[PDB]
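S.K.: Got a file for you: upload-v2.cif, mmCIF, C-alpha atoms and all ligand atoms.
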```cif
data_final
#
loop_
_atom_site.group_PDB
_atom_site.id
_atom_site.type_symbol
_atom_site.label_atom_id
_atom_site.label_comp_id
_atom_site.auth_asym_id
_atom_site.auth_seq_id
_atom_site.Cartn_x
_atom_site.Cartn_y
_atom_site.Cartn_z
ATOM 1 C CA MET A 1 145.104 138.962 128.890
ATOM 2 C CA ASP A 2 145.380 142.436 127.348
ATOM 3 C CA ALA A 3 144.256 142.824 123.760
ATOM 4 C CA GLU A 4 146.797 142.149 121.058
ATOM 5 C CA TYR A 5 144.917 144.222 118.474
ATOM 6 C CA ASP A 6 143.462 147.577 119.511
ATOM 7 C CA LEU A 7 141.316 148.493 116.547
ATOM 8 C CA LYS A 8 139.114 151.493 115.761
ATOM 9 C CA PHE A 9 135.701 151.801 114.017
ATOM 10 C CA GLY A 10 134.625 155.290 112.896
ATOM 11 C CA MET A 11 131.147 156.349 111.710
ATOM 12 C CA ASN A 12 129.009 159.364 110.984
ATOM 13 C CA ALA A 13 126.060 157.823 112.807
ATOM 14 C CA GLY A 14 125.401 158.883 116.384
ATOM 15 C CA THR A 15 125.184 156.993 119.621
ATOM 16 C CA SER A 16 121.368 156.565 119.354
ATOM 17 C CA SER A 17 121.452 154.990 115.875
ATOM 18 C CA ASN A 18 120.826 151.530 114.467
ATOM 19 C CA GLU A 19 124.313 151.727 112.914
ATOM 20 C CA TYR A 20 125.937 152.269 116.348
ATOM 21 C CA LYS A 21 123.893 149.453 117.921
ATOM 22 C CA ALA A 22 124.974 147.044 115.200
ATOM 23 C CA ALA A 23 128.586 148.235 115.470
ATOM 24 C CA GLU A 24 128.456 147.587 119.223
ATOM 25 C CA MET A 25 127.263 144.058 118.539
ATOM 26 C CA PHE A 26 130.121 143.630 116.058
ATOM 27 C CA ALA A 27 132.706 144.773 118.607
ATOM 28 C CA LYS A 28 131.218 142.518 121.279
ATOM 29 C CA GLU A 29 131.226 139.464 119.009
ATOM 30 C CA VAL A 30 134.770 140.054 117.844
ATOM 31 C CA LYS A 31 136.047 140.457 121.409
ATOM 32 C CA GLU A 32 134.224 137.378 122.570
ATOM 33 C CA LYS A 33 135.075 135.124 119.659
ATOM 34 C CA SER A 34 138.712 136.257 119.524
ATOM 35 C CA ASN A 35 138.928 135.358 123.243
ATOM 36 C CA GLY A 36 140.016 138.889 124.032
ATOM 37 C CA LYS A 37 142.727 139.206 121.398
ATOM 38 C CA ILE A 38 140.784 141.869 119.426
ATOM 39 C CA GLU A 39 139.193 144.926 121.005
ATOM 40 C CA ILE A 40 137.245 147.344 118.809
ATOM 41 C CA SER A 41 136.615 150.893 119.985
ATOM 42 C CA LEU A 42 133.943 153.035 118.426
ATOM 43 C CA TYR A 43 134.269 156.609 117.150
ATOM 44 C CA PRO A 44 130.838 157.861 116.173
ATOM 45 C CA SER A 45 129.173 161.198 115.411
ATOM 46 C CA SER A 46 131.726 162.135 112.694
ATOM 47 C CA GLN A 47 134.347 162.918 115.332
ATOM 48 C CA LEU A 48 137.014 161.676 112.939
ATOM 49 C CA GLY A 49 135.464 163.378 109.887
ATOM 50 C CA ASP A 50 132.779 162.324 107.456
ATOM 51 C CA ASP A 51 132.668 159.042 105.535
ATOM 52 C CA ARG A 52 134.953 160.260 102.721
ATOM 53 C CA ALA A 53 137.608 161.104 105.303
ATOM 54 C CA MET A 54 137.251 157.843 107.175
ATOM 55 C CA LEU A 55 137.637 155.936 103.920
ATOM 56 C CA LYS A 56 140.951 157.630 103.360
ATOM 57 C CA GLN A 57 142.001 156.777 106.901
ATOM 58 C CA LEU A 58 141.373 153.098 106.363
ATOM 59 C CA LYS A 59 143.710 153.275 103.320
ATOM 60 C CA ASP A 60 146.423 155.069 105.309
ATOM 61 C CA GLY A 61 146.096 152.639 108.263
ATOM 62 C CA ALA A 62 144.957 155.245 110.810
ATOM 63 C CA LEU A 63 141.464 153.753 111.152
ATOM 64 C CA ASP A 64 140.602 150.072 110.965
ATOM 65 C CA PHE A 65 136.811 149.861 110.308
ATOM 66 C CA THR A 66 134.135 152.140 108.846
ATOM 67 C CA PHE A 67 130.793 152.185 107.053
ATOM 68 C CA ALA A 68 130.081 153.215 103.466
ATOM 69 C CA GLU A 69 127.247 152.918 100.971
ATOM 70 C CA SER A 70 127.869 151.165 97.673
ATOM 71 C CA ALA A 71 126.902 154.478 96.059
ATOM 72 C CA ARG A 72 129.635 156.414 97.802
ATOM 73 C CA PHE A 73 132.207 154.898 95.406
ATOM 74 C CA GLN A 74 130.719 157.060 92.660
ATOM 75 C CA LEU A 75 133.425 159.505 93.924
ATOM 76 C CA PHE A 76 136.081 157.245 92.350
ATOM 77 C CA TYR A 77 134.080 155.248 89.781
ATOM 78 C CA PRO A 78 131.334 157.507 88.381
ATOM 79 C CA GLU A 79 129.222 154.729 86.967
ATOM 80 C CA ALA A 80 128.745 153.547 90.594
ATOM 81 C CA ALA A 81 126.292 156.403 90.978
ATOM 82 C CA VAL A 82 123.762 153.846 89.624
ATOM 83 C CA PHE A 83 123.253 152.514 93.129
ATOM 84 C CA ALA A 84 121.698 155.829 94.161
ATOM 85 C CA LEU A 85 120.040 157.106 90.988
ATOM 86 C CA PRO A 86 116.620 157.814 92.573
ATOM 87 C CA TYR A 87 113.989 155.102 92.056
ATOM 88 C CA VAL A 88 116.342 152.749 90.146
ATOM 89 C CA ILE A 89 117.066 150.237 92.953
ATOM 90 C CA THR A 90 113.601 149.459 94.240
ATOM 91 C CA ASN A 91 114.303 147.006 97.104
ATOM 92 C CA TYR A 92 117.135 145.684 99.222
ATOM 93 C CA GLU A 93 117.368 142.342 97.449
ATOM 94 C CA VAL A 94 118.211 144.120 94.227
ATOM 95 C CA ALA A 95 120.802 146.123 96.173
ATOM 96 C CA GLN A 96 122.401 142.929 97.368
ATOM 97 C CA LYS A 97 122.448 141.380 93.900
ATOM 98 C CA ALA A 98 123.679 144.595 92.262
ATOM 99 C CA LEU A 99 126.812 144.564 94.358
ATOM 100 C CA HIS A 100 127.523 140.862 94.584
ATOM 101 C CA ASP A 101 125.989 139.156 91.524
ATOM 102 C CA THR A 102 126.874 141.542 88.656
ATOM 103 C CA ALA A 103 130.087 141.830 86.714
ATOM 104 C CA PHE A 104 130.217 145.497 87.647
ATOM 105 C CA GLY A 105 129.594 144.860 91.339
ATOM 106 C CA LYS A 106 132.196 142.141 91.573
ATOM 107 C CA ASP A 107 134.732 144.376 89.812
ATOM 108 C CA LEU A 108 133.939 147.239 92.168
ATOM 109 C CA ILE A 109 134.698 144.998 95.134
ATOM 110 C CA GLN A 110 138.124 144.169 93.667
ATOM 111 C CA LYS A 111 138.975 147.811 92.950
ATOM 112 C CA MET A 112 137.953 148.814 96.456
ATOM 113 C CA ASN A 113 140.663 146.472 97.735
ATOM 114 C CA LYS A 114 143.417 146.970 95.136
ATOM 115 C CA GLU A 115 142.931 150.697 94.609
ATOM 116 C CA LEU A 116 141.296 151.952 97.823
ATOM 117 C CA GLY A 117 142.784 149.690 100.429
ATOM 118 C CA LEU A 118 139.315 148.441 101.558
ATOM 119 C CA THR A 119 138.149 144.877 102.279
ATOM 120 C CA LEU A 120 134.414 144.275 102.263
ATOM 121 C CA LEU A 121 133.203 142.210 105.230
ATOM 122 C CA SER A 122 129.433 142.335 104.803
ATOM 123 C CA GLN A 123 126.469 144.334 103.540
ATOM 124 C CA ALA A 124 123.370 145.524 105.388
ATOM 125 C CA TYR A 125 120.163 147.447 104.718
ATOM 126 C CA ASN A 126 120.284 151.062 106.001
ATOM 127 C CA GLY A 127 116.728 152.080 105.091
ATOM 128 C CA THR A 128 114.986 153.958 102.315
ATOM 129 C CA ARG A 129 115.260 157.733 102.320
ATOM 130 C CA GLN A 130 112.196 159.916 102.878
ATOM 131 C CA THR A 131 111.747 163.692 102.940
ATOM 132 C CA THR A 132 111.028 165.888 105.949
ATOM 133 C CA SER A 133 110.152 169.570 105.843
ATOM 134 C CA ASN A 134 108.644 172.568 107.570
ATOM 135 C CA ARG A 135 105.641 172.514 105.216
ATOM 136 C CA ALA A 136 103.458 169.842 103.751
ATOM 137 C CA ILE A 137 104.638 167.966 100.639
ATOM 138 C CA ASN A 138 101.321 166.806 99.201
ATOM 139 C CA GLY A 139 102.795 166.472 95.687
ATOM 140 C CA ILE A 140 105.938 167.213 93.700
ATOM 141 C CA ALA A 141 104.736 170.764 93.180
ATOM 142 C CA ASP A 142 105.341 171.511 96.830
ATOM 143 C CA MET A 143 109.044 170.761 96.398
ATOM 144 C CA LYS A 144 109.512 173.939 94.339
ATOM 145 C CA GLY A 145 111.667 176.359 96.149
ATOM 146 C CA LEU A 146 112.049 174.082 99.176
ATOM 147 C CA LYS A 147 115.459 174.677 100.709
ATOM 148 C CA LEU A 148 116.423 171.031 100.921
ATOM 149 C CA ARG A 149 119.571 169.955 102.715
ATOM 150 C CA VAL A 150 121.410 167.068 101.121
ATOM 151 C CA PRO A 151 124.635 165.322 101.957
ATOM 152 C CA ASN A 152 127.800 166.042 99.988
ATOM 153 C CA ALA A 153 126.877 163.530 97.292
ATOM 154 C CA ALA A 154 125.962 164.050 93.646
ATOM 155 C CA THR A 155 122.983 161.745 93.533
ATOM 156 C CA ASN A 156 121.324 163.464 96.537
ATOM 157 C CA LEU A 157 122.013 166.837 94.938
ATOM 158 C CA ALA A 158 120.340 165.539 91.781
ATOM 159 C CA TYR A 159 117.253 164.285 93.558
ATOM 160 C CA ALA A 160 116.788 167.786 94.930
ATOM 161 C CA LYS A 161 117.500 169.470 91.601
ATOM 162 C CA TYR A 162 115.262 167.356 89.453
ATOM 163 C CA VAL A 163 112.239 167.530 91.769
ATOM 164 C CA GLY A 164 112.443 171.295 91.699
ATOM 165 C CA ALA A 165 113.977 171.946 95.106
ATOM 166 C CA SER A 166 116.856 174.200 96.042
ATOM 167 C CA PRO A 167 119.664 171.943 97.292
ATOM 168 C CA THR A 168 121.996 172.935 100.113
ATOM 169 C CA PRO A 169 124.813 170.434 100.676
ATOM 170 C CA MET A 170 126.194 170.154 104.175
ATOM 171 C CA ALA A 171 127.705 167.586 106.479
ATOM 172 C CA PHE A 172 125.463 165.325 108.554
ATOM 173 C CA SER A 173 126.730 166.844 111.826
ATOM 174 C CA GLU A 174 125.422 170.285 110.936
ATOM 175 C CA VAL A 175 121.853 169.403 109.956
ATOM 176 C CA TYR A 176 120.057 169.529 113.302
ATOM 177 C CA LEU A 177 121.088 173.139 113.929
ATOM 178 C CA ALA A 178 120.346 174.127 110.341
ATOM 179 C CA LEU A 179 116.807 172.889 110.665
ATOM 180 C CA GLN A 180 116.447 174.426 114.134
ATOM 181 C CA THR A 181 117.460 177.809 112.771
ATOM 182 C CA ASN A 182 115.433 177.321 109.517
ATOM 183 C CA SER A 183 118.439 178.143 107.406
ATOM 184 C CA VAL A 184 117.154 175.101 105.515
ATOM 185 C CA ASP A 185 113.561 174.001 105.133
ATOM 186 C CA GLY A 186 113.890 170.169 104.940
ATOM 187 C CA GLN A 187 116.191 167.191 104.656
ATOM 188 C CA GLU A 188 116.097 163.597 103.407
ATOM 189 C CA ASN A 189 117.125 160.451 105.248
ATOM 190 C CA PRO A 190 115.768 157.046 106.218
ATOM 191 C CA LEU A 191 113.092 157.063 108.909
ATOM 192 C CA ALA A 192 115.370 155.458 111.508
ATOM 193 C CA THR A 193 117.823 158.364 111.038
ATOM 194 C CA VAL A 194 115.060 160.941 111.435
ATOM 195 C CA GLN A 195 114.438 159.233 114.783
ATOM 196 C CA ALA A 196 118.078 158.813 115.850
ATOM 197 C CA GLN A 197 118.891 162.440 115.013
ATOM 198 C CA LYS A 198 115.542 163.687 116.432
ATOM 199 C CA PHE A 199 114.856 165.657 113.290
ATOM 200 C CA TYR A 200 111.181 165.223 114.191
ATOM 201 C CA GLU A 201 111.820 167.815 116.908
ATOM 202 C CA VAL A 202 112.511 170.414 114.255
ATOM 203 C CA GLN A 203 110.456 169.161 111.310
ATOM 204 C CA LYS A 204 106.669 169.168 111.390
ATOM 205 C CA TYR A 205 106.113 167.227 108.155
ATOM 206 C CA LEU A 206 107.285 163.955 106.696
ATOM 207 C CA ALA A 207 106.718 162.801 103.125
ATOM 208 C CA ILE A 208 107.092 159.187 101.941
ATOM 209 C CA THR A 209 109.150 159.759 98.811
ATOM 210 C CA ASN A 210 111.020 156.425 98.804
ATOM 211 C CA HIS A 211 113.522 158.086 96.544
ATOM 212 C CA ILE A 212 116.887 156.486 97.429
ATOM 213 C CA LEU A 213 117.546 153.097 98.988
ATOM 214 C CA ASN A 214 120.648 152.948 101.226
ATOM 215 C CA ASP A 215 122.817 149.948 101.942
ATOM 216 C CA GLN A 216 125.707 149.840 104.379
ATOM 217 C CA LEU A 217 128.976 148.071 103.928
ATOM 218 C CA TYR A 218 131.119 146.884 106.835
ATOM 219 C CA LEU A 219 134.603 147.779 105.665
ATOM 220 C CA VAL A 220 138.013 146.997 107.144
ATOM 221 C CA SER A 221 141.426 148.304 106.181
ATOM 222 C CA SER A 222 143.025 145.699 103.889
ATOM 223 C CA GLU A 223 146.327 146.370 105.662
ATOM 224 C CA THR A 224 144.807 145.769 109.088
ATOM 225 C CA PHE A 225 143.013 142.631 107.874
ATOM 226 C CA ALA A 226 146.095 141.146 106.260
ATOM 227 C CA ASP A 227 148.005 141.579 109.508
ATOM 228 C CA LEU A 228 145.525 139.384 111.385
ATOM 229 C CA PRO A 229 146.070 135.607 111.363
ATOM 230 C CA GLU A 230 143.709 133.495 109.324
ATOM 231 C CA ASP A 231 141.627 132.343 112.298
ATOM 232 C CA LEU A 232 141.072 135.910 113.512
ATOM 233 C CA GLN A 233 140.271 136.972 109.936
ATOM 234 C CA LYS A 234 137.459 134.437 110.011
ATOM 235 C CA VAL A 235 136.308 135.708 113.370
ATOM 236 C CA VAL A 236 136.094 139.222 112.076
ATOM 237 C CA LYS A 237 134.254 138.204 108.949
ATOM 238 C CA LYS A 238 131.728 135.987 110.705
ATOM 239 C CA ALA A 239 131.111 138.769 113.225
ATOM 240 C CA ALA A 240 130.563 141.219 110.449
ATOM 241 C CA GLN A 241 127.981 138.990 108.793
ATOM 242 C CA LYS A 242 126.103 138.415 112.033
ATOM 243 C CA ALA A 243 126.136 142.138 112.788
ATOM 244 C CA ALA A 244 124.927 142.936 109.308
ATOM 245 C CA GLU A 245 121.951 140.620 109.647
ATOM 246 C CA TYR A 246 121.039 142.367 112.928
ATOM 247 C CA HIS A 247 121.652 145.730 111.246
ATOM 248 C CA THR A 248 119.217 144.901 108.438
ATOM 249 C CA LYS A 249 116.592 143.671 110.863
ATOM 250 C CA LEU A 250 116.754 146.911 112.890
ATOM 251 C CA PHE A 251 115.868 148.867 109.780
ATOM 252 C CA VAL A 252 113.369 146.473 108.255
ATOM 253 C CA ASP A 253 111.518 146.257 111.543
ATOM 254 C CA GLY A 254 111.553 150.022 111.999
ATOM 255 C CA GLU A 255 110.031 150.760 108.643
ATOM 256 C CA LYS A 256 106.923 148.864 109.804
ATOM 257 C CA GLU A 257 106.527 151.042 112.917
ATOM 258 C CA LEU A 258 108.195 154.454 112.567
ATOM 259 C CA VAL A 259 105.523 156.396 110.680
ATOM 260 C CA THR A 260 103.143 155.914 113.579
ATOM 261 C CA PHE A 261 105.930 156.862 116.008
ATOM 262 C CA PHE A 262 106.294 160.183 114.234
ATOM 263 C CA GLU A 263 102.554 160.788 114.165
ATOM 264 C CA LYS A 264 102.489 160.303 117.920
ATOM 265 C CA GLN A 265 105.170 162.967 118.098
ATOM 266 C CA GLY A 266 102.867 165.290 116.169
ATOM 267 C CA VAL A 267 104.430 165.012 112.737
ATOM 268 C CA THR A 268 102.070 165.234 109.789
ATOM 269 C CA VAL A 269 102.801 162.464 107.304
ATOM 270 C CA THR A 270 101.963 162.633 103.614
ATOM 271 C CA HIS A 271 102.052 160.008 100.870
ATOM 272 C CA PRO A 272 102.346 161.998 97.670
ATOM 273 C CA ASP A 273 101.789 160.459 94.285
ATOM 274 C CA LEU A 274 105.261 159.199 93.293
ATOM 275 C CA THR A 275 104.677 158.849 89.552
ATOM 276 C CA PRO A 276 105.560 162.510 89.000
ATOM 277 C CA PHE A 277 108.699 162.022 91.161
ATOM 278 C CA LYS A 278 109.732 159.011 89.124
ATOM 279 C CA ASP A 279 108.989 160.888 85.888
ATOM 280 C CA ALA A 280 111.028 163.850 87.099
ATOM 281 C CA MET A 281 114.088 161.624 87.309
ATOM 282 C CA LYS A 282 113.972 160.488 83.656
ATOM 283 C CA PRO A 283 116.021 163.442 82.417
ATOM 284 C CA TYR A 284 118.546 162.635 85.123
ATOM 285 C CA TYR A 285 118.930 159.069 83.952
ATOM 286 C CA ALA A 286 119.519 160.470 80.494
ATOM 287 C CA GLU A 287 122.279 162.780 81.803
ATOM 288 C CA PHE A 288 123.903 160.024 83.820
ATOM 289 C CA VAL A 289 124.273 157.998 80.593
ATOM 290 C CA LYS A 290 125.611 160.970 78.707
ATOM 291 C CA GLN A 291 128.218 161.617 81.367
ATOM 292 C CA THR A 292 129.262 158.049 82.032
ATOM 293 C CA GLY A 293 128.941 156.817 78.503
ATOM 294 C CA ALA A 294 129.335 153.215 77.619
ATOM 295 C CA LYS A 295 130.162 152.279 81.163
ATOM 296 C CA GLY A 296 127.021 153.769 82.635
ATOM 297 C CA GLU A 297 124.837 152.171 79.966
ATOM 298 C CA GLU A 298 126.319 148.760 80.822
ATOM 299 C CA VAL A 299 125.784 149.059 84.563
ATOM 300 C CA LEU A 300 122.181 150.090 83.954
ATOM 301 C CA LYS A 301 121.825 147.040 81.783
ATOM 302 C CA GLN A 302 123.319 144.683 84.366
ATOM 303 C CA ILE A 303 121.001 146.091 87.061
ATOM 304 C CA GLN A 304 117.893 145.859 84.928
ATOM 305 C CA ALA A 305 118.707 142.174 84.324
ATOM 306 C CA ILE A 306 118.007 141.543 88.030
ATOM 307 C CA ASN A 307 114.466 140.375 88.620
HETATM 308 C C1 LIG B 1 127.911 155.377 105.839
HETATM 309 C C2 LIG B 1 127.494 156.842 105.972
HETATM 310 O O1 LIG B 1 128.319 157.645 106.370
HETATM 311 N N1 LIG B 1 126.216 157.312 105.673
HETATM 312 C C3 LIG B 1 125.790 158.710 105.844
HETATM 313 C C4 LIG B 1 125.211 159.050 104.503
HETATM 314 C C5 LIG B 1 126.131 159.033 103.282
HETATM 315 O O2 LIG B 1 127.233 159.862 103.541
HETATM 316 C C6 LIG B 1 125.440 159.627 102.043
HETATM 317 O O3 LIG B 1 124.164 159.010 101.924
HETATM 318 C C7 LIG B 1 126.258 159.529 100.755
HETATM 319 O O4 LIG B 1 126.725 158.221 100.560
HETATM 320 O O5 LIG B 1 124.542 160.345 104.537
HETATM 321 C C8 LIG B 1 123.673 160.598 105.708
HETATM 322 O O6 LIG B 1 122.466 159.955 105.438
HETATM 323 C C9 LIG B 1 123.454 162.124 105.679
HETATM 324 O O7 LIG B 1 124.469 162.873 105.718
HETATM 325 O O8 LIG B 1 122.268 162.569 105.565
HETATM 326 C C10 LIG B 1 124.174 160.119 107.087
HETATM 327 C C11 LIG B 1 124.738 158.753 106.958
HETATM 328 O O9 LIG B 1 125.397 158.392 108.161
#
```
Rewrite the structure from the file as structure tokens, please.

M.R.:
Amino acid sequence: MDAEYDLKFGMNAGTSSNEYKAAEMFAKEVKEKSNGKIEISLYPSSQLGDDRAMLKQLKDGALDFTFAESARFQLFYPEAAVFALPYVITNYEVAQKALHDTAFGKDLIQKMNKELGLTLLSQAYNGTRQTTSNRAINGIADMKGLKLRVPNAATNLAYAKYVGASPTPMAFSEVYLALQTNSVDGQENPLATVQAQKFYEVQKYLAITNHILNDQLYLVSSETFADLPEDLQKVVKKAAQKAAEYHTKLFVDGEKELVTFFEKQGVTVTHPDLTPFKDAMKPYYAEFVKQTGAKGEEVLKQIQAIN
């Protein structure tokens, strides 16, 4: 009657987040549908490290499940930065097809398993990133000199650089206190994350910059997964796909309602003209291609071929 597999799921997201809620549904489904044989415990709030660290732990066996964006694999395969080049992926359906229907995406999935020890269970939408700050962003000119926190990720650094801001990389866990103490001026994250982390308590302004679309991959250690029998492998996979659908809904539904939530909290929302933002990224696309060469040019081609 005790569990036969005691598995662990680590995440940066906190206990108020859509990601945690969907992870909870995943653990419930797996426990139910395995008839008790699998129990998944959750380790949120970066208590095990950030997402780079948890990825390594899945490879080493010490952690069984985690989340990652397609774009995070730019750390290992630099052309994979295409997923997060600002304004390139314009909606979630493209993000699905970029990963699953392109030669490059399909090859990335195989390398994740053979080289990184990761098996992909499902993909979700994790929102489109927006920009909060302690002063109004009425146009790109207001970004100049803004001390903008970004995650430890080259594409986020590059958004900040190319719009004129002063980037400050730092881990997710440290942002609330950095905004509270105004050691940084702003940050950038999907709207649902601004809510979950209560960044609206320490940011008076929100700008709809739509600059980077985030997905979320449900990952399992390939070692852990291969040790499960085939019928429990199917359980885990079906549970991951159900959870991912719920995960996407949480974020889609929130993007219809969260701007007015923040206005009720007294945040001032702006909708700057995005053509100068998009223009400001054209040099960055040029530099991506210079750095990644033939490979980067081909992934950009495969992604443009998606309607
Ligand atoms: C799966 C995951 O860990 N996502 C985290 C991402 C990625 O680390 C980053 O976008 C680079 O891929 O950054 C955050 O948005 C952030 O620190 O602001 C928190 C979010 O939980």

S.K.: Could you give me the axis-aligned bounding box of ligand LIG 1 (chain B), with 5 Å of padding per side, as centre plus edge lengths in Å to one decimal, as AutoDock Vina command-line options?

M.R.:
```
--center_x 125.3 --center_y 159.1 --center_z 104.4 --size_x 16.1 --size_y 17.5 --size_z 17.6
```

S.K.: When you count only C-alpha atoms, which of these residues is closest to residue 224 of chain A: A:27, A:41, A:144, A:61?

M.R.: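 Among the listed residues, A:61 lies closest to residue 224 of chain A.
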
S.K.: Please evaluate the PyMOL selection byres (((chain A and resi 93-104) around 12) and not hetatm) against the displayed coordinates and give the resulting residues as a compact mmCIF listing (two decimals) with C-alpha atoms, keeping the file's coordinate frame.

M.R.:
```
# COMPACT_ATOMS: atom_id res chain seq x y z
CA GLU A 69 127.25 152.92 100.97
CA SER A 70 127.87 151.16 97.67
CA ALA A 71 126.90 154.48 96.06
CA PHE A 73 132.21 154.90 95.41
CA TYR A 77 134.08 155.25 89.78
CA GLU A 79 129.22 154.73 86.97
CA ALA A 80 128.74 153.55 90.59
CA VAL A 82 123.76 153.85 89.62
CA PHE A 83 123.25 152.51 93.13
CA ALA A 84 121.70 155.83 94.16
CA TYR A 87 113.99 155.10 92.06
CA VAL A 88 116.34 152.75 90.15
CA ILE A 89 117.07 150.24 92.95
CA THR A 90 113.60 149.46 94.24
CA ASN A 91 114.30 147.01 97.10
CA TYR A 92 117.14 145.68 99.22
CA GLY A 105 129.59 144.86 91.34
CA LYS A 106 132.20 142.14 91.57
CA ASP A 107 134.73 144.38 89.81
CA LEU A 108 133.94 147.24 92.17
CA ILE A 109 134.70 145.00 95.13
CA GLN A 110 138.12 144.17 93.67
CA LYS A 111 138.98 147.81 92.95
CA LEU A 120 134.41 144.28 102.26
CA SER A 122 129.43 142.34 104.80
CA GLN A 123 126.47 144.33 103.54
CA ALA A 124 123.37 145.52 105.39
CA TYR A 125 120.16 147.45 104.72
CA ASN A 126 120.28 151.06 106.00
CA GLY A 127 116.73 152.08 105.09
CA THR A 128 114.99 153.96 102.32
CA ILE A 212 116.89 156.49 97.43
CA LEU A 213 117.55 153.10 98.99
CA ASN A 214 120.65 152.95 101.23
CA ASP A 215 122.82 149.95 101.94
CA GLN A 216 125.71 149.84 104.38
CA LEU A 217 128.98 148.07 103.93
CA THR A 248 119.22 144.90 108.44
CA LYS A 295 130.16 152.28 81.16
CA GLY A 296 127.02 153.77 82.64
CA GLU A 297 124.84 152.17 79.97
CA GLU A 298 126.32 148.76 80.82
CA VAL A 299 125.78 149.06 84.56
CA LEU A 300 122.18 150.09 83.95
CA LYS A 301 121.82 147.04 81.78
CA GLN A 302 123.32 144.68 84.37
CA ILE A 303 121.00 146.09 87.06
CA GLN A 304 117.89 145.86 84.93
CA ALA A 305 118.71 142.17 84.32
CA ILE A 306 118.01 141.54 88.03
CA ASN A 307 114.47 140.38 88.62
```

S.K.: Could you check the closest approach to residue 247 of chain A for each of A:3, A:192, A:85, A:53 and tell me which residue wins, using all atoms listed in the file?

M.R.: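 Of A:3, A:192, A:85, A:53, the one nearest residue 247 of chain A is A:192, counting all atoms listed in the file.
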
S.K.: Name the closest residue to residue 152 of chain A among the candidates A:267, A:75, A:171, A:48; distances are taken between atoms, counting only C-alpha atoms.

M.R.: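 Once distances to residue 152 of chain A are computed over only C-alpha atoms, the minimum belongs to A:171.
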
S.K.: What's the 12 Å shell around residue 161 of chain A, counting only C-alpha atoms, without same-chain residues fewer than 5 positions away, as JSON, numbers by chain?

M.R.: {"A": [86, 140, 143, 144, 145, 146, 147, 148, 149, 150, 154, 155, 156, 166, 167, 168, 169, 277, 280, 281, 283, 284]}

S.K.: Please determine, counting all atoms listed in the file, which residue among A:199, A:261, A:225, A:285 has the shortest atom-to-atom distance to ligand LIG 1 (chain B).

M.R.: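 Smallest separation from ligand LIG 1 (chain B) among the options: A:199.
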
S.K.: I'd like the interatomic distance between atom CA of residue 6 of chain A and atom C1 of ligand LIG 1 (chain B), to a tenth of an Å.

M.R.: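 So the two atoms, atom CA of residue 6 of chain A and atom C1 of ligand LIG 1 (chain B), lie 22.1 Å apart.
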
S.K.: Restrict the calculation to all atoms listed in the file, then for each residue of chain A with any atom at most 6 Å from an atom of ligand LIG 1 (chain B) give the closest atom pair and their distance in Å to one decimal, rows by chain and rising residue number, as JSON lines.

M.R.:
```
{"residue": "A:12", "atom": "CA", "partner": "B:LIG1", "partner_atom": "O9", "distance": 4.7}
{"residue": "A:13", "atom": "CA", "partner": "B:LIG1", "partner_atom": "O9", "distance": 4.7}
{"residue": "A:51", "atom": "CA", "partner": "B:LIG1", "partner_atom": "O1", "distance": 4.6}
{"residue": "A:67", "atom": "CA", "partner": "B:LIG1", "partner_atom": "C1", "distance": 4.5}
{"residue": "A:68", "atom": "CA", "partner": "B:LIG1", "partner_atom": "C1", "distance": 3.9}
{"residue": "A:69", "atom": "CA", "partner": "B:LIG1", "partner_atom": "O4", "distance": 5.3}
{"residue": "A:71", "atom": "CA", "partner": "B:LIG1", "partner_atom": "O4", "distance": 5.9}
{"residue": "A:72", "atom": "CA", "partner": "B:LIG1", "partner_atom": "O4", "distance": 4.4}
{"residue": "A:151", "atom": "CA", "partner": "B:LIG1", "partner_atom": "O7", "distance": 4.5}
{"residue": "A:153", "atom": "CA", "partner": "B:LIG1", "partner_atom": "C7", "distance": 5.3}
{"residue": "A:171", "atom": "CA", "partner": "B:LIG1", "partner_atom": "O7", "distance": 5.8}
{"residue": "A:172", "atom": "CA", "partner": "B:LIG1", "partner_atom": "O7", "distance": 3.9}
{"residue": "A:189", "atom": "CA", "partner": "B:LIG1", "partner_atom": "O6", "distance": 5.4}
```

S.K.: Between A:58, A:158, A:11, A:25, single out the one closest to residue 44 of chain A, counting all atoms listed in the file.

M.R.: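 Closest to residue 44 of chain A of all the choices is A:11.
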